[PDB]
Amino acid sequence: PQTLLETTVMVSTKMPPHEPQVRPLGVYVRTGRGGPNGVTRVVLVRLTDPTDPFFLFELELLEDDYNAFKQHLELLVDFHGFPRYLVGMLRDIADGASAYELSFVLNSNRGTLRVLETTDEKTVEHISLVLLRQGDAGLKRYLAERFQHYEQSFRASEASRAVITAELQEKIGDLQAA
């Protein structure tokens, strides 16, 4: 299970409680294994909001439903190659040097994420993904994991800070005696 992309990206969002607006969102793309028996290859696309921890949308693209998916979007790429394609596009948008935009529009418990090139005449669509809002179960899991992760990271930070403070304090303490 490898994580191909974790970053924050600026996104044109239509959400009914709010107004149409351009917000930063977290996009996460992890390839792994899953499905009804944990045997089918999978690509996860997860959309999150750094300002709202209860905002969580995911698409679990099962390899067995990829043919239909490939055809509907008229892609010319393996299941193997698809995330590479998607991530490259997102990364370009994230890294700021790109002509493409991201749109996330609600429609509720489903939302569509689109990579769009905007020319003079037309808004050209390069990909469209339907992400499902996650239920309490999956959200709790997400929140838990994040919490555990950042706590763990916070500990590690302090641990290695104490190490370094001491390592250099001894190098200050030896330059002082000499």
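Sequential numbering from 1, following the sequence displayed.
The segment from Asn107 to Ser108 is interrupted, since 4 to 9 residues of the deposited sequence in that interval carry no coordinates. Note on 110-118 vs 28-36: mean CA B-factor is higher in 28-36. For the segment pair 161-169 and 8-16, the entry gives 161-169 the higher mean B-factor, averaged over Cα atoms. Reading the B-factor column for the CA atoms of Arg133, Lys140, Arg41, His126 in the entry, the top value corresponds to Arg41. In the PDB entry, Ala97 places in the highest third of its chain by CA B-factor. Among all modelled residues in its chain, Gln152 ranks in the middle third by Cα B-factor. Among the modelled residues of the chain, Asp64 sits in the highest third by CA temperature factor in this PDB entry.
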